[PDB]
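Note: the block below is coords-v1.tsv and it holds TSV, C-alpha atoms.
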chain	number	residue	atom	x	y	z
A	1	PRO	CA	4.82	-29.67	4.72
A	2	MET	CA	6.81	-26.66	3.57
A	3	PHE	CA	6.64	-25.32	0.01
A	4	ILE	CA	9.03	-22.63	-1.23
A	5	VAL	CA	8.99	-20.97	-4.67
A	6	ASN	CA	11.79	-18.70	-5.83
A	7	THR	CA	11.04	-16.93	-9.07
A	8	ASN	CA	12.13	-14.07	-11.32
A	9	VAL	CA	8.45	-13.14	-11.86
A	10	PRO	CA	7.88	-9.68	-10.31
A	11	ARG	CA	5.90	-9.23	-7.07
A	12	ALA	CA	3.07	-7.39	-8.86
A	13	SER	CA	2.47	-10.49	-11.01
A	14	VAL	CA	1.80	-12.72	-7.98
A	15	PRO	CA	-2.00	-12.69	-7.70
A	16	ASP	CA	-3.88	-11.88	-4.51
A	17	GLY	CA	-4.82	-15.08	-2.72
A	18	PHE	CA	-1.90	-17.13	-4.08
A	19	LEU	CA	-0.51	-18.21	-0.69
A	20	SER	CA	-3.95	-19.43	0.36
A	21	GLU	CA	-4.45	-21.32	-2.90
A	22	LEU	CA	-1.09	-23.04	-2.41
A	23	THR	CA	-1.96	-23.87	1.20
A	24	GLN	CA	-5.34	-25.37	0.25
A	25	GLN	CA	-4.16	-27.43	-2.68
A	26	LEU	CA	-1.08	-28.75	-0.84
A	27	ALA	CA	-3.23	-29.83	2.12
A	28	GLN	CA	-5.44	-31.76	-0.30
A	29	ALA	CA	-2.59	-33.26	-2.32
A	30	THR	CA	-0.48	-34.35	0.66
A	31	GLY	CA	-3.44	-35.30	2.91
A	32	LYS	CA	-1.94	-33.16	5.66
A	33	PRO	CA	-4.02	-30.80	7.81
A	34	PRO	CA	-3.92	-27.21	6.46
A	35	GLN	CA	-2.62	-26.03	9.87
A	36	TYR	CA	0.68	-27.85	9.17
A	37	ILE	CA	1.22	-26.43	5.67
A	38	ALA	CA	3.74	-23.61	5.31
A	39	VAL	CA	4.18	-21.71	2.04
A	40	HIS	CA	6.77	-19.15	0.97
A	41	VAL	CA	6.93	-17.20	-2.32
A	42	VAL	CA	10.00	-15.18	-3.28
A	43	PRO	CA	9.53	-13.01	-6.37
A	44	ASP	CA	11.87	-10.61	-8.21
A	45	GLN	CA	14.80	-13.04	-8.12
A	46	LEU	CA	17.98	-12.88	-10.18
A	47	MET	CA	17.86	-16.30	-11.80
A	48	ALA	CA	18.28	-18.22	-15.02
A	49	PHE	CA	17.06	-21.59	-16.25
A	50	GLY	CA	18.89	-23.11	-19.22
A	51	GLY	CA	20.90	-19.90	-19.50
A	52	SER	CA	17.67	-17.94	-20.01
A	53	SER	CA	16.09	-15.23	-17.86
A	54	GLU	CA	12.58	-15.92	-19.18
A	55	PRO	CA	10.13	-16.65	-16.34
A	56	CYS	CA	11.25	-19.63	-14.28
A	57	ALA	CA	11.00	-21.07	-10.77
A	58	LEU	CA	13.17	-23.04	-8.37
A	59	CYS	CA	11.10	-24.69	-5.66
A	60	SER	CA	11.23	-27.13	-2.78
A	61	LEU	CA	8.64	-29.28	-1.06
A	62	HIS	CA	9.60	-30.78	2.30
A	63	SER	CA	7.26	-33.19	4.09
A	64	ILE	CA	7.44	-35.79	6.85
A	65	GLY	CA	6.36	-38.68	4.64
A	66	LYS	CA	3.98	-38.39	1.67
A	67	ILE	CA	7.01	-38.21	-0.62
A	68	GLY	CA	7.66	-40.83	-3.32
A	69	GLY	CA	7.71	-41.52	-7.05
A	70	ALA	CA	3.97	-41.44	-7.77
A	71	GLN	CA	3.17	-38.79	-5.17
A	72	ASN	CA	5.92	-36.49	-6.46
A	73	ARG	CA	4.65	-36.83	-10.04
A	74	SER	CA	1.22	-35.77	-8.79
A	75	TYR	CA	2.65	-32.82	-6.82
A	76	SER	CA	4.62	-31.70	-9.87
A	77	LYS	CA	1.53	-31.73	-12.08
A	78	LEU	CA	-0.34	-29.76	-9.41
A	79	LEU	CA	2.39	-27.23	-8.69
A	80	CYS	CA	3.52	-26.66	-12.27
A	81	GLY	CA	-0.18	-26.20	-13.11
A	82	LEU	CA	-0.51	-23.48	-10.48
A	83	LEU	CA	2.73	-21.76	-11.47
A	84	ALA	CA	1.65	-21.76	-15.13
A	85	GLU	CA	-1.89	-20.51	-14.47
A	86	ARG	CA	-1.05	-17.95	-11.76
A	87	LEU	CA	2.50	-16.80	-12.50
A	88	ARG	CA	2.63	-17.58	-16.25
A	89	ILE	CA	5.73	-19.76	-15.84
A	90	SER	CA	6.16	-22.58	-18.35
A	91	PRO	CA	6.23	-26.00	-16.63
A	92	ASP	CA	9.51	-26.83	-18.42
A	93	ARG	CA	11.17	-23.90	-16.62
A	94	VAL	CA	10.34	-25.16	-13.12
A	95	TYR	CA	12.43	-27.40	-10.87
A	96	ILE	CA	10.94	-28.71	-7.61
A	97	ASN	CA	13.22	-30.51	-5.14
A	98	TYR	CA	11.32	-33.00	-2.94
A	99	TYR	CA	12.53	-33.90	0.54
A	100	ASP	CA	11.20	-36.68	2.74
A	101	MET	CA	12.12	-35.35	6.19
A	102	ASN	CA	12.68	-37.62	9.16
A	103	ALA	CA	10.41	-36.53	12.03
A	104	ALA	CA	13.51	-36.24	14.26
A	105	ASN	CA	14.92	-33.69	11.80
A	106	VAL	CA	11.99	-31.26	11.88
A	107	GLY	CA	11.78	-28.75	14.72
A	108	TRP	CA	8.46	-27.16	15.69
A	109	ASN	CA	7.01	-25.70	18.91
A	110	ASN	CA	10.19	-26.04	21.05
A	111	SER	CA	10.72	-29.70	20.10
A	112	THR	CA	10.70	-32.04	17.09
A	113	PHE	CA	8.05	-34.33	15.57
A	114	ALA	CA	9.89	-37.52	16.64
B	1	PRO	CA	21.79	-29.13	-11.85
B	2	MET	CA	20.81	-26.07	-9.81
B	3	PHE	CA	23.15	-23.64	-8.12
B	4	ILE	CA	22.08	-21.03	-5.59
B	5	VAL	CA	24.29	-18.37	-4.01
B	6	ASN	CA	23.15	-16.22	-1.10
B	7	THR	CA	25.51	-13.36	-0.32
B	8	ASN	CA	25.82	-10.07	1.55
B	9	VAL	CA	27.62	-8.57	-1.49
B	10	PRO	CA	25.40	-5.78	-2.90
B	11	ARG	CA	23.51	-6.20	-6.19
B	12	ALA	CA	25.58	-3.51	-7.95
B	13	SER	CA	28.72	-5.59	-7.29
B	14	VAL	CA	27.35	-8.61	-9.21
B	15	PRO	CA	28.89	-8.16	-12.67
B	16	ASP	CA	26.99	-8.25	-15.93
B	17	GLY	CA	27.04	-11.74	-17.42
B	18	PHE	CA	27.53	-13.54	-14.10
B	19	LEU	CA	24.49	-15.84	-14.41
B	20	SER	CA	25.65	-16.89	-17.87
B	21	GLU	CA	29.21	-17.53	-16.69
B	22	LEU	CA	27.84	-19.69	-13.86
B	23	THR	CA	25.58	-21.55	-16.30
B	24	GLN	CA	28.43	-22.24	-18.72
B	25	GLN	CA	30.99	-23.36	-16.16
B	26	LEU	CA	28.53	-25.54	-14.26
B	27	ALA	CA	27.45	-27.20	-17.52
B	28	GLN	CA	31.10	-28.04	-18.15
B	29	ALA	CA	31.90	-29.12	-14.59
B	30	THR	CA	28.86	-31.41	-14.25
B	31	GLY	CA	29.00	-32.45	-17.91
B	32	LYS	CA	25.28	-31.66	-18.24
B	33	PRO	CA	23.88	-29.55	-21.12
B	34	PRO	CA	23.47	-25.85	-20.23
B	35	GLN	CA	19.76	-26.19	-21.07
B	36	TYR	CA	19.41	-28.23	-17.83
B	37	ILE	CA	21.38	-25.81	-15.60
B	38	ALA	CA	19.56	-23.38	-13.31
B	39	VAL	CA	21.32	-20.60	-11.42
B	40	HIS	CA	20.12	-18.20	-8.74
B	41	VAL	CA	22.01	-15.31	-7.12
B	42	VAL	CA	20.63	-13.56	-4.03
B	43	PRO	CA	22.61	-10.41	-3.12
B	44	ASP	CA	22.21	-7.86	-0.28
B	45	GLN	CA	21.60	-10.52	2.35
B	46	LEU	CA	21.82	-10.07	6.11
B	47	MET	CA	24.45	-12.69	6.97
B	48	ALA	CA	27.51	-13.39	9.02
B	49	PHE	CA	30.26	-15.96	8.64
B	50	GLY	CA	32.42	-16.79	11.65
B	51	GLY	CA	30.91	-13.85	13.55
B	52	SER	CA	31.67	-11.14	10.99
B	53	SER	CA	29.99	-9.54	8.00
B	54	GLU	CA	32.78	-9.15	5.43
B	55	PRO	CA	31.73	-10.61	2.08
B	56	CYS	CA	30.61	-14.23	2.41
B	57	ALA	CA	28.34	-16.72	0.65
B	58	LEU	CA	26.08	-19.63	1.53
B	59	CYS	CA	25.42	-21.79	-1.51
B	60	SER	CA	23.82	-25.01	-2.66
B	61	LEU	CA	24.37	-27.28	-5.65
B	62	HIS	CA	21.67	-29.85	-6.32
B	63	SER	CA	22.17	-32.38	-9.09
B	64	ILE	CA	20.76	-35.75	-10.10
B	65	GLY	CA	24.06	-37.61	-9.87
B	66	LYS	CA	27.47	-36.06	-10.62
B	67	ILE	CA	27.94	-35.58	-6.86
B	68	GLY	CA	30.75	-37.25	-4.91
B	69	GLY	CA	34.00	-36.72	-3.01
B	70	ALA	CA	36.27	-35.88	-5.94
B	71	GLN	CA	33.61	-34.13	-8.00
B	72	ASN	CA	32.59	-31.92	-5.06
B	73	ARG	CA	36.21	-30.90	-4.45
B	74	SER	CA	36.41	-29.89	-8.12
B	75	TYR	CA	33.11	-27.96	-7.96
B	76	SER	CA	34.32	-26.16	-4.83
B	77	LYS	CA	37.54	-25.01	-6.49
B	78	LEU	CA	35.56	-23.84	-9.52
B	79	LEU	CA	32.81	-22.06	-7.60
B	80	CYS	CA	35.00	-20.49	-4.92
B	81	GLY	CA	37.25	-19.33	-7.79
B	82	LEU	CA	34.29	-17.63	-9.48
B	83	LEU	CA	32.98	-16.07	-6.26
B	84	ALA	CA	36.45	-14.71	-5.45
B	85	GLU	CA	37.12	-13.36	-8.94
B	86	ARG	CA	33.66	-11.94	-9.65
B	87	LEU	CA	32.18	-11.06	-6.24
B	88	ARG	CA	35.44	-10.55	-4.29
B	89	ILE	CA	34.42	-13.13	-1.67
B	90	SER	CA	37.25	-14.94	0.11
B	91	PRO	CA	37.06	-18.73	-0.45
B	92	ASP	CA	37.32	-19.26	3.32
B	93	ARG	CA	34.01	-17.39	3.74
B	94	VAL	CA	32.02	-19.64	1.38
B	95	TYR	CA	30.01	-22.74	2.24
B	96	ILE	CA	28.50	-24.88	-0.55
B	97	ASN	CA	26.07	-27.66	0.37
B	98	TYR	CA	26.02	-30.48	-2.21
B	99	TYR	CA	22.89	-32.59	-2.74
B	100	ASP	CA	22.72	-35.75	-4.82
B	101	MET	CA	19.04	-35.78	-5.74
B	102	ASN	CA	17.15	-38.94	-6.69
B	103	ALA	CA	15.50	-38.48	-10.10
B	104	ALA	CA	12.10	-39.29	-8.55
B	105	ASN	CA	12.66	-36.41	-6.09
B	106	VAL	CA	13.05	-33.70	-8.73
B	107	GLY	CA	9.91	-32.27	-10.30
B	108	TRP	CA	10.02	-30.65	-13.73
B	109	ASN	CA	7.50	-30.14	-16.54
B	110	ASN	CA	4.45	-31.59	-14.70
B	111	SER	CA	6.23	-34.78	-13.63
B	112	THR	CA	9.58	-35.89	-12.25
B	113	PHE	CA	12.87	-36.90	-13.85
B	114	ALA	CA	12.33	-40.58	-12.95
C	1	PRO	CA	27.20	-25.13	11.08
C	2	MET	CA	24.86	-22.86	9.12
C	3	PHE	CA	21.56	-21.46	10.32
C	4	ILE	CA	19.06	-19.73	8.03
C	5	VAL	CA	15.86	-17.99	9.16
C	6	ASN	CA	13.23	-16.88	6.64
C	7	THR	CA	10.48	-14.80	8.17
C	8	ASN	CA	7.63	-12.40	7.42
C	9	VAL	CA	8.71	-10.21	10.36
C	10	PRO	CA	9.87	-6.84	8.97
C	11	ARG	CA	13.56	-5.87	8.84
C	12	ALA	CA	13.13	-3.08	11.42
C	13	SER	CA	11.93	-5.66	13.96
C	14	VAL	CA	15.19	-7.66	13.74
C	15	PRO	CA	17.32	-6.44	16.68
C	16	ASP	CA	20.81	-5.06	16.22
C	17	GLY	CA	23.16	-7.85	17.31
C	18	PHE	CA	20.76	-10.66	16.33
C	19	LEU	CA	23.30	-12.26	13.96
C	20	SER	CA	25.98	-12.10	16.67
C	21	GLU	CA	23.62	-13.61	19.26
C	22	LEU	CA	22.71	-16.48	16.91
C	23	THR	CA	26.42	-17.07	16.22
C	24	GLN	CA	27.32	-17.23	19.92
C	25	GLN	CA	24.31	-19.36	20.89
C	26	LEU	CA	24.87	-21.82	18.04
C	27	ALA	CA	28.57	-22.11	18.88
C	28	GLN	CA	27.58	-23.04	22.43
C	29	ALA	CA	24.79	-25.41	21.35
C	30	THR	CA	26.72	-27.28	18.64
C	31	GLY	CA	30.01	-27.09	20.54
C	32	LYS	CA	31.68	-25.85	17.34
C	33	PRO	CA	33.99	-22.79	17.24
C	34	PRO	CA	32.19	-19.57	16.25
C	35	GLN	CA	34.61	-19.20	13.31
C	36	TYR	CA	32.78	-22.10	11.63
C	37	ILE	CA	29.24	-20.78	12.26
C	38	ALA	CA	27.37	-19.01	9.46
C	39	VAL	CA	24.05	-17.25	10.06
C	40	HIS	CA	21.55	-15.78	7.59
C	41	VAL	CA	18.33	-13.89	8.36
C	42	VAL	CA	15.79	-13.06	5.64
C	43	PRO	CA	13.01	-10.72	6.84
C	44	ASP	CA	9.99	-9.23	5.00
C	45	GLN	CA	9.10	-12.54	3.34
C	46	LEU	CA	5.80	-13.39	1.67
C	47	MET	CA	4.90	-16.51	3.64
C	48	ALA	CA	2.12	-18.26	5.50
C	49	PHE	CA	1.99	-20.97	8.15
C	50	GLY	CA	-1.30	-22.88	8.49
C	51	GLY	CA	-2.83	-20.48	5.95
C	52	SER	CA	-2.09	-17.55	8.27
C	53	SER	CA	0.25	-14.61	7.68
C	54	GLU	CA	0.73	-13.93	11.38
C	55	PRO	CA	4.46	-13.90	12.30
C	56	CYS	CA	6.16	-17.17	11.38
C	57	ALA	CA	9.58	-18.55	10.45
C	58	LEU	CA	10.94	-21.27	8.16
C	59	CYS	CA	14.47	-22.20	9.15
C	60	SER	CA	17.27	-24.65	8.44
C	61	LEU	CA	20.26	-25.83	10.45
C	62	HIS	CA	22.95	-27.67	8.48
C	63	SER	CA	25.90	-29.19	10.31
C	64	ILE	CA	28.53	-31.86	9.71
C	65	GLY	CA	27.52	-34.03	12.64
C	66	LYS	CA	26.03	-32.72	15.89
C	67	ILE	CA	22.58	-33.61	14.50
C	68	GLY	CA	20.32	-36.24	16.08
C	69	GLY	CA	17.15	-36.94	18.05
C	70	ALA	CA	18.09	-35.38	21.38
C	71	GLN	CA	20.34	-32.68	19.94
C	72	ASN	CA	17.63	-31.49	17.55
C	73	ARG	CA	15.08	-31.27	20.38
C	74	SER	CA	17.57	-29.11	22.29
C	75	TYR	CA	18.28	-26.93	19.24
C	76	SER	CA	14.55	-26.49	18.71
C	77	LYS	CA	13.97	-25.27	22.28
C	78	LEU	CA	16.94	-22.91	21.96
C	79	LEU	CA	16.08	-21.50	18.54
C	80	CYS	CA	12.32	-21.22	19.08
C	81	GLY	CA	13.22	-19.44	22.35
C	82	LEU	CA	15.37	-16.91	20.49
C	83	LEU	CA	12.80	-16.36	17.73
C	84	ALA	CA	10.07	-15.82	20.35
C	85	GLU	CA	12.15	-13.43	22.48
C	86	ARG	CA	13.81	-11.44	19.69
C	87	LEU	CA	11.36	-11.58	16.76
C	88	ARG	CA	8.11	-12.17	18.68
C	89	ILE	CA	7.32	-15.33	16.69
C	90	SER	CA	5.26	-18.03	18.42
C	91	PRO	CA	7.16	-21.34	18.65
C	92	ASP	CA	4.17	-23.15	17.08
C	93	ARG	CA	4.65	-21.02	13.95
C	94	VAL	CA	8.29	-22.05	13.43
C	95	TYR	CA	9.65	-24.94	11.37
C	96	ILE	CA	13.34	-25.85	11.55
C	97	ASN	CA	14.71	-28.41	9.08
C	98	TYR	CA	17.84	-30.18	10.37
C	99	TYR	CA	20.47	-31.56	7.97
C	100	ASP	CA	23.33	-33.81	8.98
C	101	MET	CA	25.74	-33.09	6.14
C	102	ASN	CA	28.44	-35.54	5.04
C	103	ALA	CA	31.83	-33.79	5.17
C	104	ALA	CA	32.39	-34.65	1.48
C	105	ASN	CA	29.15	-32.80	0.66
C	106	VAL	CA	30.19	-29.44	2.13
C	107	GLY	CA	32.41	-27.19	0.04
C	108	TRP	CA	34.58	-24.54	1.68
C	109	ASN	CA	37.82	-22.78	0.77
C	110	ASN	CA	38.32	-24.40	-2.68
C	111	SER	CA	37.72	-27.94	-1.43
C	112	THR	CA	35.41	-29.88	0.87
C	113	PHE	CA	35.55	-30.77	4.55
C	114	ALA	CA	36.31	-34.46	3.84
Encoded form using structure tokens:
Amino acid sequence: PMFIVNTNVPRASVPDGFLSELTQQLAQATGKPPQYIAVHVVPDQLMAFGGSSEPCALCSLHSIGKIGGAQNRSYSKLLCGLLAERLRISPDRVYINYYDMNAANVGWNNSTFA
Amino acid sequence: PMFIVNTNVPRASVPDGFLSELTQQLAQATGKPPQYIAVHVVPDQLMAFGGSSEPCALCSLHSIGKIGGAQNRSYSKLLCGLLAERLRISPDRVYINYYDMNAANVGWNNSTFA
Amino acid sequence: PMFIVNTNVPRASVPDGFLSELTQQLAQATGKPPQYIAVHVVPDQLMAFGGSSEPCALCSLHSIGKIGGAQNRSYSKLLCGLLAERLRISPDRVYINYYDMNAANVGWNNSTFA
């Protein structure tokens, strides 16, 4: 899995350990081995949500499987929870796009997962 | 809906009010309330288009519905128009990827839009 | 086609001519004219792969066609090769998401490619 968060929260407000916390909790939520989890946090962004520049986040979670209605609801609770607690972003100012990737469409280690 | 623009145009060349103008015009184009529109502008990027580094943009528009052949042509005219007028980017140096998102595949406020 | 690389490798470690090399190599690999190839490199990113902040990359290749099982394996060998040689990133610390875009879902020059 790959999780990306783009946010207007400044870099200094991203707590130490945040990438590890994301890695751990995503491994647990998706069932995937931690070795396969990639995380990416992009602070200091020029963004607006609902016309407002209050703290917000635009995110994506890509995974080969483990994507669906119930699972995505669970991931959203988890991830909005972390963004609220750690970055002080209101859950109603977060969008997360979920992508169920075909194994043939994910490159890794000179090949694909197909 | 969520609109992201990545560009090599410098930050100082992004005019005051641009995020609001994007929010307003996207609300109108998609027919969705501005409260549901997110916008994200990423200047100063290391990019090339067609082998050269004159102003260019790589963009995405994600929406739950309101995506299709005719609608996307209309969005492209609108968005290229704005990028040309405000950021001085030639329309022939802009790509916009359109994504019709399933409601169950968009997280928001601890759950999804399903 | 459009190729984006997000990496924690610092800007100074990205070789002069990297964007041009990517453009030429992708033109050859996809068979598309270089005029249609866009490339985007984002260094200095806060990211982890497998919980580790050793050099890594999260990438995407979007193309209207020229995406499939065998082609994506070939692209992965090519692009991992380039990231290893030029950015010193291990191929097992690279993800590349492939997207076969519908022509109607790619905006360019005030319209779409449909």
Wanna dump the stretch 8-102 of chain C-stretch 3-27 of chain B contacts at 12 Å for me, each residue with its shortest atom pair and the distance in Å to one decimal, counting only C-alpha atoms, ordered by chain and number, as JSON lines?
{"residue": "C:38", "atom": "CA", "partner": "B:7", "partner_atom": "CA", "distance": 11.4}
{"residue": "C:39", "atom": "CA", "partner": "B:7", "partner_atom": "CA", "distance": 11.2}
{"residue": "C:40", "atom": "CA", "partner": "B:6", "partner_atom": "CA", "distance": 8.8}
{"residue": "C:41", "atom": "CA", "partner": "B:8", "partner_atom": "CA", "distance": 10.8}
{"residue": "C:42", "atom": "CA", "partner": "B:6", "partner_atom": "CA", "distance": 10.5}
Output C-alpha atoms for every residue in that selection, as a PDB file, keeping the file's coordinate frame.
ATOM      1  CA  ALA C  38      27.370 -19.010   9.460  1.00  0.00           C
ATOM      2  CA  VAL C  39      24.050 -17.250  10.060  1.00  0.00           C
ATOM      3  CA  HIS C  40      21.550 -15.780   7.590  1.00  0.00           C
ATOM      4  CA  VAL C  41      18.330 -13.890   8.360  1.00  0.00           C
ATOM      5  CA  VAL C  42      15.790 -13.060   5.640  1.00  0.00           C
TER       6      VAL C  42
END
Could you jot down the atom CA of residue C:111 to atom CA of residue B:35 separation for me, Å, one decimal place?
26.7 Å
Lay chain B over chain A using all C-alpha atoms, matched one to one in order, with a least-squares fit; then write it out as a short mmCIF file (atom, residue, chain, number, x, y, z; two decimals) with C-alpha atoms, keeping the file's coordinate frame.
data_model
loop_
_atom_site.label_atom_id
_atom_site.label_comp_id
_atom_site.auth_asym_id
_atom_site.auth_seq_id
_atom_site.Cartn_x
_atom_site.Cartn_y
_atom_site.Cartn_z
CA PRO B 1 4.66 -29.86 4.66
CA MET B 2 6.51 -26.75 3.48
CA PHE B 3 6.61 -25.37 -0.03
CA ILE B 4 9.00 -22.68 -1.22
CA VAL B 5 9.03 -21.03 -4.65
CA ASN B 6 11.84 -18.76 -5.81
CA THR B 7 11.07 -16.94 -9.04
CA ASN B 8 12.15 -14.06 -11.26
CA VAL B 9 8.46 -13.14 -11.77
CA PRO B 10 7.90 -9.68 -10.21
CA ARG B 11 5.93 -9.26 -6.96
CA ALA B 12 3.09 -7.38 -8.69
CA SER B 13 2.48 -10.45 -10.89
CA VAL B 14 1.81 -12.71 -7.86
CA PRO B 15 -1.99 -12.66 -7.62
CA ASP B 16 -3.97 -11.92 -4.49
CA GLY B 17 -4.86 -15.14 -2.68
CA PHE B 18 -1.94 -17.15 -4.07
CA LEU B 19 -0.52 -18.23 -0.68
CA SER B 20 -3.96 -19.45 0.36
CA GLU B 21 -4.48 -21.35 -2.90
CA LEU B 22 -1.09 -23.03 -2.42
CA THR B 23 -1.96 -23.87 1.20
CA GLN B 24 -5.31 -25.39 0.25
CA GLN B 25 -4.10 -27.45 -2.69
CA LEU B 26 -1.02 -28.73 -0.87
CA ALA B 27 -3.18 -29.75 2.10
CA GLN B 28 -5.31 -31.77 -0.30
CA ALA B 29 -2.42 -33.24 -2.29
CA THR B 30 -0.42 -34.34 0.78
CA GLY B 31 -3.57 -35.18 2.75
CA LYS B 32 -2.24 -33.13 5.68
CA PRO B 33 -4.39 -30.53 7.50
CA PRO B 34 -3.89 -26.97 6.20
CA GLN B 35 -2.87 -25.96 9.74
CA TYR B 36 0.39 -27.90 9.15
CA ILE B 37 1.13 -26.43 5.69
CA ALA B 38 3.68 -23.63 5.29
CA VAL B 39 4.17 -21.73 2.04
CA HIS B 40 6.78 -19.19 0.95
CA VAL B 41 6.96 -17.22 -2.31
CA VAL B 42 10.09 -15.25 -3.23
CA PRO B 43 9.58 -13.04 -6.31
CA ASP B 44 11.93 -10.65 -8.17
CA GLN B 45 14.86 -13.05 -8.05
CA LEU B 46 18.00 -12.89 -10.17
CA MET B 47 17.87 -16.30 -11.87
CA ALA B 48 18.35 -18.12 -15.11
CA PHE B 49 17.07 -21.46 -16.33
CA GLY B 50 18.82 -23.13 -19.25
CA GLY B 51 20.82 -19.95 -19.89
CA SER B 52 17.87 -17.55 -20.18
CA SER B 53 15.82 -15.33 -17.91
CA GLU B 54 12.23 -15.81 -19.09
CA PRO B 55 9.96 -16.65 -16.16
CA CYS B 56 11.22 -19.66 -14.22
CA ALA B 57 11.04 -21.12 -10.71
CA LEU B 58 13.22 -23.10 -8.33
CA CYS B 59 11.13 -24.75 -5.64
CA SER B 60 11.27 -27.15 -2.73
CA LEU B 61 8.68 -29.32 -1.01
CA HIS B 62 9.66 -30.76 2.36
CA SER B 63 7.32 -33.17 4.10
CA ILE B 64 7.51 -35.78 6.83
CA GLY B 65 6.42 -38.68 4.64
CA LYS B 66 3.99 -38.38 1.71
CA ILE B 67 7.02 -38.28 -0.63
CA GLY B 68 7.64 -40.91 -3.30
CA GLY B 69 7.74 -41.64 -7.03
CA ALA B 70 4.02 -41.50 -7.76
CA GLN B 71 3.21 -38.84 -5.18
CA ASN B 72 5.99 -36.56 -6.48
CA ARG B 73 4.72 -36.89 -10.05
CA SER B 74 1.28 -35.84 -8.80
CA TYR B 75 2.70 -32.89 -6.82
CA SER B 76 4.66 -31.78 -9.89
CA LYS B 77 1.57 -31.74 -12.10
CA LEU B 78 -0.32 -29.81 -9.42
CA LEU B 79 2.41 -27.28 -8.68
CA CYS B 80 3.55 -26.70 -12.26
CA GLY B 81 -0.15 -26.26 -13.10
CA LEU B 82 -0.49 -23.56 -10.44
CA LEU B 83 2.75 -21.79 -11.42
CA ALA B 84 1.69 -21.77 -15.08
CA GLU B 85 -1.86 -20.57 -14.41
CA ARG B 86 -1.07 -18.00 -11.71
CA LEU B 87 2.50 -16.83 -12.42
CA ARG B 88 2.64 -17.58 -16.17
CA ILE B 89 5.74 -19.76 -15.74
CA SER B 90 6.23 -22.53 -18.31
CA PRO B 91 6.30 -25.98 -16.64
CA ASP B 92 9.56 -26.75 -18.48
CA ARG B 93 11.22 -23.87 -16.59
CA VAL B 94 10.35 -25.17 -13.10
CA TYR B 95 12.43 -27.41 -10.86
CA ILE B 96 10.94 -28.76 -7.59
CA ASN B 97 13.23 -30.56 -5.14
CA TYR B 98 11.34 -33.06 -2.94
CA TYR B 99 12.59 -33.92 0.55
CA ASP B 100 11.24 -36.72 2.72
CA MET B 101 12.13 -35.42 6.17
CA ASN B 102 12.57 -37.68 9.20
CA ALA B 103 10.28 -36.51 12.02
CA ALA B 104 13.31 -36.16 14.32
CA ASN B 105 14.85 -33.77 11.75
CA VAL B 106 12.01 -31.25 11.80
CA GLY B 107 11.90 -28.74 14.64
CA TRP B 108 8.63 -27.09 15.65
CA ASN B 109 7.26 -25.60 18.88
CA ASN B 110 10.47 -25.99 20.97
CA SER B 111 10.99 -29.65 20.05
CA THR B 112 10.80 -31.92 17.02
CA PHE B 113 8.00 -33.93 15.43
CA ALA B 114 9.51 -37.23 16.65
#
Point out the residue among A:65, A:50, A:55, A:81 with the least atom-to-atom distance to chain B, counting all atoms listed in the file.
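The answer is A:50, which sits nearest to chain B.
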Could you produce a table of the residues of chain C lying within 6 Å of chain A, with the nearest pair of atoms per residue and their separation in Å rounded to one decimal, using all atoms listed in the file, ordered by chain and increasing residue number, as a Markdown table?
| residue | atom | partner | partner_atom | distance |
| --- | --- | --- | --- | --- |
| C:46 | CA | A:41 | CA | 5.6 |
| C:47 | CA | A:40 | CA | 4.2 |
| C:48 | CA | A:39 | CA | 5.3 |
| C:49 | CA | A:38 | CA | 4.3 |
| C:50 | CA | A:35 | CA | 3.7 |
| C:51 | CA | A:20 | CA | 5.8 |
| C:69 | CA | A:104 | CA | 5.3 |
| C:73 | CA | A:111 | CA | 4.6 |
| C:76 | CA | A:110 | CA | 5.0 |
| C:77 | CA | A:110 | CA | 4.0 |
| C:80 | CA | A:110 | CA | 5.6 |
| C:91 | CA | A:109 | CA | 4.4 |
| C:92 | CA | A:109 | CA | 4.2 |
| C:94 | CA | A:108 | CA | 5.6 |
| C:95 | CA | A:108 | CA | 5.0 |
| C:96 | CA | A:107 | CA | 4.6 |
| C:97 | CA | A:106 | CA | 4.8 |
| C:98 | CA | A:105 | CA | 4.8 |
Now that the selection is made, can you save its residues with C-alpha atoms as a compact mmCIF listing (two decimals), in the frame of the given file?
# COMPACT_ATOMS: atom_id res chain seq x y z
CA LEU C 46 5.80 -13.39 1.67
CA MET C 47 4.90 -16.51 3.64
CA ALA C 48 2.12 -18.26 5.50
CA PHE C 49 1.99 -20.97 8.15
CA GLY C 50 -1.30 -22.88 8.49
CA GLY C 51 -2.83 -20.48 5.95
CA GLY C 69 17.15 -36.94 18.05
CA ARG C 73 15.08 -31.27 20.38
CA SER C 76 14.55 -26.49 18.71
CA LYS C 77 13.97 -25.27 22.28
CA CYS C 80 12.32 -21.22 19.08
CA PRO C 91 7.16 -21.34 18.65
CA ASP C 92 4.17 -23.15 17.08
CA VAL C 94 8.29 -22.05 13.43
CA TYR C 95 9.65 -24.94 11.37
CA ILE C 96 13.34 -25.85 11.55
CA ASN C 97 14.71 -28.41 9.08
CA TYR C 98 17.84 -30.18 10.37
At what distance in Å, to one decimal, does atom CA of residue A:59 lie from atom CA of residue A:84?
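Taking atom CA of residue A:84 as the start and atom CA of residue A:59 as the end point, the length is 13.7 Å.
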